[PDB]
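File shown: query-v8.csv (CSV, N, CA and C atoms).
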```csv
chain,number,residue,atom,x,y,z
A,1558,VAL,N,97.8,101.2,47.4
A,1558,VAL,CA,96.8,101.8,48.4
A,1558,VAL,C,96.2,103.0,47.8
A,1559,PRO,N,94.8,103.1,47.7
A,1559,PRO,CA,94.2,104.2,47.0
A,1559,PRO,C,94.1,105.4,47.9
A,1560,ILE,N,93.8,106.6,47.4
A,1560,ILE,CA,93.5,107.8,48.1
A,1560,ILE,C,92.1,107.7,48.7
A,1561,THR,N,92.0,108.0,50.0
A,1561,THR,CA,90.7,108.1,50.7
A,1561,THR,C,90.5,109.5,51.1
A,1562,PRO,N,89.5,110.2,50.6
A,1562,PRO,CA,89.1,111.5,51.1
A,1562,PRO,C,88.5,111.3,52.4
A,1563,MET,N,88.8,112.2,53.4
A,1563,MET,CA,88.2,112.1,54.7
A,1563,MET,C,86.8,112.6,54.6
A,1564,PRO,N,85.7,111.9,55.1
A,1564,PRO,CA,84.4,112.4,55.1
A,1564,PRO,C,84.3,113.7,55.9
A,1565,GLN,N,83.5,114.6,55.5
A,1565,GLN,CA,83.2,115.8,56.3
A,1565,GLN,C,82.3,115.5,57.5
A,1566,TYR,N,82.9,115.0,58.5
A,1566,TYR,CA,82.1,114.4,59.6
A,1566,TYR,C,81.3,115.6,60.3
A,1567,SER,N,81.8,116.8,60.3
A,1567,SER,CA,81.2,117.9,60.9
A,1567,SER,C,79.8,118.3,60.3
A,1568,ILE,N,79.5,117.8,59.1
A,1568,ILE,CA,78.2,118.1,58.5
A,1568,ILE,C,77.4,116.9,58.4
A,1569,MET,N,77.8,115.8,59.0
A,1569,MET,CA,77.1,114.5,58.9
A,1569,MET,C,75.9,114.6,59.9
A,1570,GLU,N,74.8,114.0,59.6
A,1570,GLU,CA,73.7,113.9,60.5
A,1570,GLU,C,74.0,112.9,61.7
A,1571,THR,N,73.5,113.2,62.9
A,1571,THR,CA,73.7,112.4,64.1
A,1571,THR,C,73.5,110.9,63.9
A,1572,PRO,N,72.4,110.4,63.3
A,1572,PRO,CA,72.3,109.0,63.1
A,1572,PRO,C,73.4,108.4,62.3
A,1573,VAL,N,73.9,109.1,61.3
A,1573,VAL,CA,75.0,108.6,60.5
A,1573,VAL,C,76.3,108.5,61.3
A,1574,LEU,N,76.6,109.6,62.1
A,1574,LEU,CA,77.8,109.6,62.9
A,1574,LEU,C,77.8,108.3,63.8
A,1575,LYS,N,76.6,108.0,64.4
A,1575,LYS,CA,76.5,106.8,65.2
A,1575,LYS,C,76.8,105.5,64.5
A,1576,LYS,N,76.3,105.4,63.3
A,1576,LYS,CA,76.6,104.2,62.5
A,1576,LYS,C,78.0,104.1,62.1
A,1577,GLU,N,78.7,105.2,61.8
A,1577,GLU,CA,80.1,105.3,61.5
A,1577,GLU,C,80.9,104.8,62.7
A,1578,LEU,N,80.5,105.2,63.9
A,1578,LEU,CA,81.3,104.9,65.1
A,1578,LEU,C,81.1,103.4,65.4
A,1579,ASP,N,79.9,102.9,65.1
A,1579,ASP,CA,79.6,101.5,65.3
A,1579,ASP,C,80.6,100.5,64.7
A,1580,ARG,N,81.2,101.0,63.5
A,1580,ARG,CA,82.2,100.2,62.8
A,1580,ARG,C,83.4,99.9,63.6
A,1581,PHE,N,83.7,100.9,64.5
A,1581,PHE,CA,84.9,100.9,65.3
A,1581,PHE,C,84.6,100.5,66.8
A,1582,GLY,N,83.4,100.0,67.0
A,1582,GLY,CA,83.1,99.4,68.4
A,1582,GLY,C,82.6,100.5,69.4
A,1583,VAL,N,82.4,101.7,68.9
A,1583,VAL,CA,82.1,102.9,69.7
A,1583,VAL,C,80.6,103.1,69.9
A,1584,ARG,N,80.2,103.4,71.1
A,1584,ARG,CA,78.8,103.7,71.3
A,1584,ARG,C,78.4,105.1,70.9
A,1585,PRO,N,77.1,105.5,70.8
A,1585,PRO,CA,76.7,106.8,70.5
A,1585,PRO,C,77.2,107.8,71.6
A,1586,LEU,N,77.7,108.9,71.2
A,1586,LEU,CA,78.2,110.0,72.1
A,1586,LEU,C,77.5,111.3,71.7
A,1587,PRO,N,77.7,112.4,72.5
A,1587,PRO,CA,77.3,113.7,72.1
A,1587,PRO,C,77.9,114.0,70.7
A,1588,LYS,N,77.2,114.8,69.9
A,1588,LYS,CA,77.5,115.0,68.5
A,1588,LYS,C,78.9,115.5,68.3
A,1589,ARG,N,79.3,116.5,69.0
A,1589,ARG,CA,80.6,117.1,68.9
A,1589,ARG,C,81.7,116.0,69.2
A,1590,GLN,N,81.5,115.2,70.2
A,1590,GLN,CA,82.4,114.2,70.6
A,1590,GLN,C,82.5,113.1,69.5
A,1591,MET,N,81.4,112.8,68.8
A,1591,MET,CA,81.4,111.8,67.8
A,1591,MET,C,82.3,112.3,66.6
A,1592,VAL,N,82.1,113.6,66.2
A,1592,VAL,CA,82.8,114.2,65.1
A,1592,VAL,C,84.3,114.1,65.4
A,1593,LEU,N,84.7,114.5,66.6
A,1593,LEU,CA,86.1,114.6,67.0
A,1593,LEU,C,86.7,113.2,67.0
A,1594,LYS,N,85.9,112.2,67.5
A,1594,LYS,CA,86.4,110.8,67.5
A,1594,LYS,C,86.6,110.2,66.1
A,1595,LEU,N,85.7,110.5,65.2
A,1595,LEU,CA,85.8,110.0,63.8
A,1595,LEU,C,87.0,110.6,63.1
A,1596,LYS,N,87.2,111.9,63.4
A,1596,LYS,CA,88.4,112.6,62.8
A,1596,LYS,C,89.7,112.0,63.4
A,1597,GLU,N,89.7,111.7,64.7
A,1597,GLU,CA,90.8,111.1,65.4
A,1597,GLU,C,91.2,109.7,64.8
A,1598,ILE,N,90.1,108.9,64.6
A,1598,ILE,CA,90.3,107.6,64.1
A,1598,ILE,C,90.9,107.7,62.6
A,1599,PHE,N,90.3,108.6,61.8
A,1599,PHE,CA,90.8,108.8,60.5
A,1599,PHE,C,92.3,109.1,60.4
A,1600,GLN,N,92.7,110.1,61.3
A,1600,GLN,CA,94.1,110.5,61.2
A,1600,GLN,C,95.0,109.5,61.8
A,1601,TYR,N,94.6,108.6,62.7
A,1601,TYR,CA,95.4,107.6,63.2
A,1601,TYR,C,95.6,106.5,62.2
A,1602,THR,N,94.6,106.3,61.4
A,1602,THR,CA,94.6,105.1,60.5
A,1602,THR,C,95.0,105.5,59.0
A,1603,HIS,N,95.1,106.8,58.7
A,1603,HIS,CA,95.5,107.2,57.4
A,1603,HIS,C,96.6,108.3,57.5
A,1604,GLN,N,97.5,108.3,56.6
A,1604,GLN,CA,98.5,109.3,56.5
A,1604,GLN,C,98.0,110.4,55.5
A,1605,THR,N,97.9,111.6,56.0
A,1605,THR,CA,97.5,112.8,55.2
A,1605,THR,C,98.5,113.1,54.1
A,1606,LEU,N,98.1,113.3,52.9
A,1606,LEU,CA,99.0,113.8,51.8
A,1606,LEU,C,99.1,115.3,51.9
Q,4,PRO,N,88.0,122.5,54.0
Q,4,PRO,CA,88.7,121.8,52.9
Q,4,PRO,C,88.8,120.3,53.1
Q,5,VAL,N,88.9,119.6,52.0
Q,5,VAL,CA,88.9,118.1,52.0
Q,5,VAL,C,90.3,117.6,52.3
Q,6,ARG,N,90.4,116.7,53.3
Q,6,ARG,CA,91.7,116.1,53.6
Q,6,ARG,C,91.8,114.8,52.9
Q,7,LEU,N,92.9,114.5,52.3
Q,7,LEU,CA,93.1,113.3,51.6
Q,7,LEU,C,94.1,112.4,52.3
Q,8,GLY,N,93.9,111.1,52.4
Q,8,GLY,CA,94.7,110.2,53.2
Q,8,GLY,C,95.0,108.9,52.4
Q,9,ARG,N,96.1,108.3,52.8
Q,9,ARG,CA,96.4,106.9,52.4
Q,9,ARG,C,96.4,106.0,53.7
Q,10,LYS,N,95.6,104.9,53.6
Q,10,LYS,CA,95.5,104.1,54.8
Q,10,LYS,C,96.9,103.6,55.2
Q,11,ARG,N,97.2,103.6,56.5
Q,11,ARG,CA,98.5,103.2,57.1
Q,11,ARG,C,98.6,101.7,57.1
Q,12,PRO,N,99.8,101.1,57.2
Q,12,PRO,CA,100.0,99.7,57.4
Q,12,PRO,C,99.1,99.1,58.5
Q,13,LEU,N,98.6,97.9,58.2
Q,13,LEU,CA,97.9,97.0,59.1
Q,13,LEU,C,98.6,97.1,60.4
Q,14,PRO,N,98.0,97.7,61.5
Q,14,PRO,CA,98.7,97.9,62.7
Q,14,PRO,C,98.5,96.8,63.7
Q,15,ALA,N,99.5,96.6,64.6
Q,15,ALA,CA,99.4,95.6,65.7
Q,15,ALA,C,98.3,96.2,66.6
Q,16,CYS,N,97.8,95.3,67.5
Q,16,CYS,CA,96.9,95.6,68.5
Q,16,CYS,C,97.3,96.9,69.1
Q,17,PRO,N,96.4,97.9,69.1
Q,17,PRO,CA,96.6,99.2,69.9
Q,17,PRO,C,96.4,99.0,71.4
Q,18,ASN,N,95.8,97.9,71.8
Q,18,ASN,CA,95.5,97.7,73.2
Q,18,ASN,C,95.8,96.3,73.8
Q,19,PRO,N,97.1,95.9,73.7
Q,19,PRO,CA,97.5,94.5,74.0
Q,19,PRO,C,97.2,94.2,75.5
Q,20,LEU,N,97.4,95.1,76.4
Q,20,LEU,CA,97.1,94.8,77.8
Q,20,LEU,C,95.6,94.5,78.1
Q,21,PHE,N,94.8,95.4,77.5
Q,21,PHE,CA,93.3,95.2,77.7
Q,21,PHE,C,92.8,93.9,77.1
Q,22,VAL,N,93.4,93.6,75.9
Q,22,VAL,CA,93.0,92.4,75.2
Q,22,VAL,C,93.5,91.2,76.1
Q,23,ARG,N,94.7,91.2,76.6
Q,23,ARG,CA,95.2,90.1,77.4
Q,23,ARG,C,94.3,89.9,78.6
Q,24,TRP,N,94.0,91.0,79.3
Q,24,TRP,CA,93.3,90.9,80.6
Q,24,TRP,C,91.8,90.5,80.4
Q,25,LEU,N,91.1,91.0,79.3
Q,25,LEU,CA,89.8,90.6,79.0
Q,25,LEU,C,89.8,89.1,78.6
Q,26,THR,N,90.8,88.7,77.9
Q,26,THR,CA,90.9,87.3,77.5
Q,26,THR,C,91.1,86.4,78.7
Q,27,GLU,N,91.9,86.8,79.7
Q,27,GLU,CA,92.2,86.0,80.9
Q,27,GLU,C,90.9,85.9,81.7
Q,28,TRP,N,90.1,87.0,81.8
Q,28,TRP,CA,88.9,87.0,82.5
Q,28,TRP,C,87.8,86.1,81.8
Q,29,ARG,N,87.8,86.2,80.5
Q,29,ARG,CA,86.9,85.4,79.7
Q,29,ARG,C,87.1,83.9,79.9
Q,30,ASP,N,88.4,83.5,79.8
Q,30,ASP,CA,88.8,82.2,79.9
Q,30,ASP,C,88.5,81.6,81.3
Q,31,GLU,N,88.7,82.4,82.3
Q,31,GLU,CA,88.5,82.0,83.7
Q,31,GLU,C,87.0,81.8,83.9
Q,32,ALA,N,86.1,82.7,83.4
Q,32,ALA,CA,84.7,82.6,83.5
Q,32,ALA,C,84.1,81.5,82.6
Q,33,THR,N,84.7,81.2,81.5
Q,33,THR,CA,84.3,80.1,80.6
Q,33,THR,C,84.6,78.7,81.3
Q,34,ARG,N,85.8,78.6,81.9
Q,34,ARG,CA,86.2,77.4,82.6
Q,34,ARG,C,85.2,77.0,83.7
Q,35,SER,N,84.8,78.1,84.4
Q,35,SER,CA,84.0,77.9,85.6
Q,35,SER,C,82.5,78.0,85.3
Q,36,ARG,N,82.1,78.2,84.0
Q,36,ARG,CA,80.7,78.3,83.6
Q,36,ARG,C,80.0,79.5,84.2
Q,37,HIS,N,80.8,80.5,84.5
Q,37,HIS,CA,80.2,81.7,85.2
Q,37,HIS,C,79.4,82.5,84.3
Q,38,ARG,N,78.3,83.1,84.9
Q,38,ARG,CA,77.4,84.0,84.2
Q,38,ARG,C,78.0,85.1,83.5
Q,39,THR,N,79.2,85.6,84.0
Q,39,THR,CA,79.9,86.8,83.5
Q,39,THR,C,80.7,86.5,82.3
Q,40,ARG,N,80.8,85.2,81.8
Q,40,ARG,CA,81.6,84.9,80.6
Q,40,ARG,C,81.2,85.8,79.5
Q,41,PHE,N,79.9,86.1,79.3
Q,41,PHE,CA,79.4,86.8,78.1
Q,41,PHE,C,79.8,88.3,78.2
Q,42,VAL,N,80.0,88.8,79.4
Q,42,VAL,CA,80.5,90.2,79.6
Q,42,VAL,C,81.8,90.4,78.9
Q,43,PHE,N,82.7,89.5,79.2
Q,43,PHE,CA,84.1,89.6,78.6
Q,43,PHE,C,84.1,89.3,77.1
Q,44,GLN,N,83.3,88.4,76.7
Q,44,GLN,CA,83.2,88.0,75.3
Q,44,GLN,C,82.8,89.2,74.4
Q,45,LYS,N,81.7,89.9,74.9
Q,45,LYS,CA,81.2,91.0,74.2
Q,45,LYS,C,82.1,92.2,74.2
Q,46,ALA,N,82.8,92.5,75.3
Q,46,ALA,CA,83.8,93.6,75.4
Q,46,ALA,C,84.9,93.3,74.4
Q,47,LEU,N,85.4,92.1,74.4
Q,47,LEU,CA,86.5,91.8,73.5
Q,47,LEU,C,86.1,92.1,72.0
Q,48,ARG,N,84.9,91.8,71.7
Q,48,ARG,CA,84.4,92.0,70.3
Q,48,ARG,C,84.4,93.4,69.9
Q,49,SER,N,84.0,94.3,70.8
Q,49,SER,CA,84.0,95.7,70.5
Q,49,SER,C,85.4,96.3,70.5
Q,50,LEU,N,86.2,95.8,71.5
Q,50,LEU,CA,87.6,96.3,71.6
Q,50,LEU,C,88.4,96.0,70.4
Q,51,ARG,N,88.2,94.8,69.8
Q,51,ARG,CA,89.0,94.4,68.6
Q,51,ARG,C,88.7,95.3,67.4
Q,52,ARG,N,87.5,96.0,67.4
Q,52,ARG,CA,87.2,96.9,66.3
Q,52,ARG,C,87.8,98.3,66.4
Q,53,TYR,N,88.3,98.6,67.6
Q,53,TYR,CA,88.6,99.9,68.0
Q,53,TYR,C,90.1,100.2,67.7
Q,54,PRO,N,90.5,101.1,66.8
Q,54,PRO,CA,91.9,101.3,66.3
Q,54,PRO,C,92.8,102.2,67.2
Q,55,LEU,N,92.3,102.8,68.2
Q,55,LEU,CA,93.1,103.8,69.0
Q,55,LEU,C,93.5,103.2,70.3
Q,56,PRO,N,94.7,103.6,70.8
Q,56,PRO,CA,95.1,103.2,72.2
Q,56,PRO,C,94.2,103.9,73.2
Q,57,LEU,N,93.9,103.1,74.2
Q,57,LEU,CA,93.1,103.7,75.3
Q,57,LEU,C,94.0,103.9,76.5
Q,58,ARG,N,93.8,105.1,77.2
Q,58,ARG,CA,94.7,105.4,78.3
Q,58,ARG,C,94.2,104.8,79.6
Q,59,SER,N,92.9,104.4,79.7
Q,59,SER,CA,92.4,104.0,81.0
Q,59,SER,C,91.1,103.2,80.7
Q,60,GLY,N,90.7,102.5,81.8
Q,60,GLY,CA,89.4,101.9,81.8
Q,60,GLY,C,88.2,102.9,81.7
Q,61,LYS,N,88.5,104.1,82.3
Q,61,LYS,CA,87.5,105.2,82.2
Q,61,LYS,C,87.3,105.6,80.7
Q,62,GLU,N,88.4,105.7,79.9
Q,62,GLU,CA,88.3,106.1,78.5
Q,62,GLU,C,87.5,105.0,77.8
Q,63,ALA,N,87.6,103.8,78.2
Q,63,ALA,CA,87.0,102.7,77.5
Q,63,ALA,C,85.5,102.7,77.6
Q,64,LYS,N,84.9,103.6,78.5
Q,64,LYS,CA,83.5,103.7,78.6
Q,64,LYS,C,82.8,104.0,77.3
Q,65,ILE,N,83.6,104.6,76.3
Q,65,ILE,CA,83.0,105.0,75.0
Q,65,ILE,C,82.7,103.7,74.2
Q,66,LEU,N,83.2,102.5,74.6
Q,66,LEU,CA,83.1,101.3,73.7
Q,66,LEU,C,81.8,100.6,74.1
Q,67,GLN,N,81.2,100.1,73.0
Q,67,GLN,CA,80.0,99.2,73.2
Q,67,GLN,C,80.3,98.1,74.2
Q,68,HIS,N,79.4,97.7,75.1
Q,68,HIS,CA,79.5,96.6,76.0
Q,68,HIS,C,80.5,96.8,77.1
Q,69,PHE,N,81.1,98.0,77.2
Q,69,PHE,CA,81.9,98.3,78.3
Q,69,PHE,C,81.2,99.0,79.4
Q,70,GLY,N,80.7,98.2,80.4
Q,70,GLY,CA,79.9,98.7,81.5
Q,70,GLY,C,80.9,99.4,82.6
Q,71,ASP,N,80.3,100.1,83.5
Q,71,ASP,CA,81.0,100.8,84.6
Q,71,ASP,C,81.9,99.8,85.4
Q,72,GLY,N,81.3,98.7,85.7
Q,72,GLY,CA,82.0,97.6,86.5
Q,72,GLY,C,83.3,97.2,85.8
Q,73,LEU,N,83.1,96.9,84.5
Q,73,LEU,CA,84.3,96.4,83.7
Q,73,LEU,C,85.3,97.5,83.5
Q,74,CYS,N,84.9,98.7,83.3
Q,74,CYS,CA,85.9,99.8,83.2
Q,74,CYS,C,86.7,100.0,84.5
Q,75,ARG,N,86.0,99.8,85.6
Q,75,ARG,CA,86.6,99.9,86.9
Q,75,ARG,C,87.7,98.8,87.1
Q,76,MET,N,87.3,97.6,86.7
Q,76,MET,CA,88.2,96.4,86.7
Q,76,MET,C,89.5,96.7,85.9
Q,77,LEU,N,89.4,97.4,84.7
Q,77,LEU,CA,90.5,97.7,83.9
Q,77,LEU,C,91.4,98.7,84.5
Q,78,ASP,N,90.8,99.7,85.2
Q,78,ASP,CA,91.5,100.8,85.9
Q,78,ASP,C,92.3,100.1,87.0
Q,79,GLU,N,91.7,99.2,87.8
Q,79,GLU,CA,92.3,98.6,88.9
Q,79,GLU,C,93.5,97.7,88.5
Q,80,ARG,N,93.3,97.0,87.4
Q,80,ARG,CA,94.3,96.1,86.8
Q,80,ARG,C,95.5,96.9,86.3
Q,81,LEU,N,95.2,98.1,85.7
Q,81,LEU,CA,96.2,99.0,85.2
Q,81,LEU,C,97.1,99.5,86.3
Q,82,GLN,N,96.5,99.8,87.5
Q,82,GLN,CA,97.2,100.3,88.7
Q,82,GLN,C,98.2,99.2,89.1
Q,83,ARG,N,97.7,98.0,89.1
Q,83,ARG,CA,98.5,96.9,89.6
Q,83,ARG,C,99.7,96.6,88.7
Q,84,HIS,N,99.5,96.8,87.4
Q,84,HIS,CA,100.5,96.6,86.3
Q,84,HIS,C,101.7,97.5,86.5
Q,85,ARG,N,101.4,98.8,86.7
Q,85,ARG,CA,102.5,99.8,86.8
Q,85,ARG,C,103.0,99.9,88.2
Q,86,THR,N,102.2,99.5,89.2
Q,86,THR,CA,102.7,99.3,90.6
Q,86,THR,C,103.8,98.3,90.6
Q,87,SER,N,103.5,97.1,90.1
Q,87,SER,CA,104.4,96.0,90.0
Q,87,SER,C,105.2,96.0,88.7
```

Can the structure from this file be put into structure tokens for me?
Amino acid sequence: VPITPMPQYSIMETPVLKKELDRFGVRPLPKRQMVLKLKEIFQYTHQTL
Amino acid sequence: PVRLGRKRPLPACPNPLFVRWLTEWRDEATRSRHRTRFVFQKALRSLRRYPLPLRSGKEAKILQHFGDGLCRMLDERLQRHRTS
């Protein structure tokens, strides 16, 4: 299993955050909510080294 | 600072109850040729992509194809589950 660096979601453009969330079945949300959700998903699905 | 991760084991369903209930509703609507069959089908599709446990039907509003009506149904079914 390779090392995945977590994307810096906080500096991502709003359209890109929406597309990232679409992967996980999630609809567009307010920007702060999208950033928090993508971080939450990453931490649940990956073990931090 | 950059956080580094290793993907975790392929996880079981994070939402087995919601999957079960949407499946039951889908199958019931399919058998009867009801117009709402597509509602359940589309919700199952988005739910299966979502890796986090949901605490409520209300929380599930963030998912594509989860309308207010369906989220209410999930809340009601949750109440019945833990009541019984």

* To do: Find the residues of chain Q in contact range of chain A, meaning any atom within 8 Å when counting only C-alpha atoms, and list them as JSON, numbers by chain.
  => {"Q": [5, 6, 7, 8, 9, 10, 11, 48, 49, 50, 51, 52, 53, 54, 55, 65, 66, 67]}

Centre and edge lengths of an axis-aligned box around all listed atoms of segment 29-46 of chain Q, with 5 Å added on each side, are to be given in Å to one decimal, as AutoDock Vina command-line options.
```
--center_x 83.1 --center_y 85.3 --center_z 79.9 --size_x 21.4 --size_y 26.6 --size_z 21.4
```

* Can you tell me how far atom CA of residue 23 of chain Q sits from atom CA of residue 39 of chain Q, in Å to one decimal? -> 16.8 Å

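The gap separating atom C of residue 63 of chain Q from atom N of residue 33 of chain Q is 21.9 Å, in Å to one decimal.
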
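For chain A, a DSSP pass over the backbone yields strand (DSSP E or B) at residues 1560, 1561, 1562, 1583, 1603, 1604 and 1605 of chain A.
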
* Could you please determine the separation between atom N of residue 77 of chain Q and atom N of residue 38 of chain Q in Å, to one decimal place? => 18.1 Å

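All polymer residues at most 12 Å from (78.2, 115.1, 61.8), using only C-alpha atoms, appear as residues 1564, 1565, 1566, 1567, 1568, 1569, 1570, 1571, 1572, 1573, 1574, 1575, 1576, 1577, 1578, 1586, 1587, 1588, 1589, 1590, 1591, 1592, 1593, 1594, 1595 and 1596 of chain A.
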